[PDB]
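Given next are the chains, with one letter for each unit.
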Amino acid sequence: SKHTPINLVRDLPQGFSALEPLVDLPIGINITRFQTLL
Amino acid sequence: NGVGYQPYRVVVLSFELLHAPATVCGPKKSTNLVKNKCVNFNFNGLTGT
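In this report, the structure presented in the accompanying data block is examined. (Residues numbered from 1 in each chain as written, not as in the entry; some residues may be left out. Chains lettered and ligands numbered in written order. Part of a larger assembly, values for the part shown. Heavy atoms only, no water. Residues with missing side-chain atoms left out of burial classes, pairs and counts.)

**Quick look at the overall build of chain B**
Here is step 1: Helix and strand counts for chain B stand at zero helices and two strands.
Here is step 2: If you line up chain B on its principal axes, its C-alpha atoms span 70 × 30 × 10 Å. (Helix = DSSP H or I, 4+ residues; strand = E, 2+ residues; numbered from the N terminus.)

Here's what the structure looks like:
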């Protein structure tokens, strides 16, 4: 995850962004589909 | 009552493996480190000299 503290009003910002490792969790169970929450 | 008829606290431990990395692998040992002299170090990721 990265917060990206920059302003692009409507779409993805042009700039290059790097994502750093934050959380690791062990599950062992295959995830195949998923959904988002409002 | 006699010892045969007296309560004994019994705890039973079940040791099994499931399809997941074994997250319980006991304690990890640790010993003192130094500087400026040849050593063999068993760091968490790897072993080296």
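The discussion continues.
**Topic: the layout of surface pockets**
In this approach a probe as big as a water molecule rolls over the atoms, and the regions it shows empty are the leftover space.
Residue and element names in this part refer to chain B.
Here is step 1: Here the second largest pocket defines a volume of roughly 180 Å³.
Here is step 2: Lining the second largest pocket are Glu 16, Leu 17, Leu 18, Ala 20, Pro 21, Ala 22, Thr 23 and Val 24.
Here is step 3: When its residues are assigned to classes, the lining of the second largest pocket shows six nonpolar, one polar and one charged. (1 Å grid on protein atoms, 1.4 Å probe; cavity = no way out; pocket = protein on both sides within 12 Å on 5 of 7 lines; lining within 4 Å. Points joined across faces, edges and corners; volume = space filled by probe spheres on them. Nonpolar A, V, L, I, M, F, W, Y, C, P; charged D, E, K, R; others polar.)

**Some remarks on unusual backbone geometry**
Here is step 1: A positive phi angle, close to 60°, is found at A:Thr4, a residue other than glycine.
Here is step 2: When its relative accessible area of 27% is taken as the criterion, A:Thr4 is described as partly exposed. (Buried < 20%, exposed > 50% of the residue type's maximum accessible area, 1.4 Å probe, protein only.)

**Quick word on the environment of B:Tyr8**
Residues and elements named next belong to chain B.
Here is step 1: Inspection of the secondary structure puts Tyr 8 in the segment before β1 (41-42).
Here is step 2: A relative accessible area of 60% places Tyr 8 in the exposed class.
Here is step 3: Residues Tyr 8 and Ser 30, 22 residues apart in the sequence, show an inter-C-alpha distance of 37 Å.

Read these as layout, nothing more, since geometry by itself doesn't imply function.
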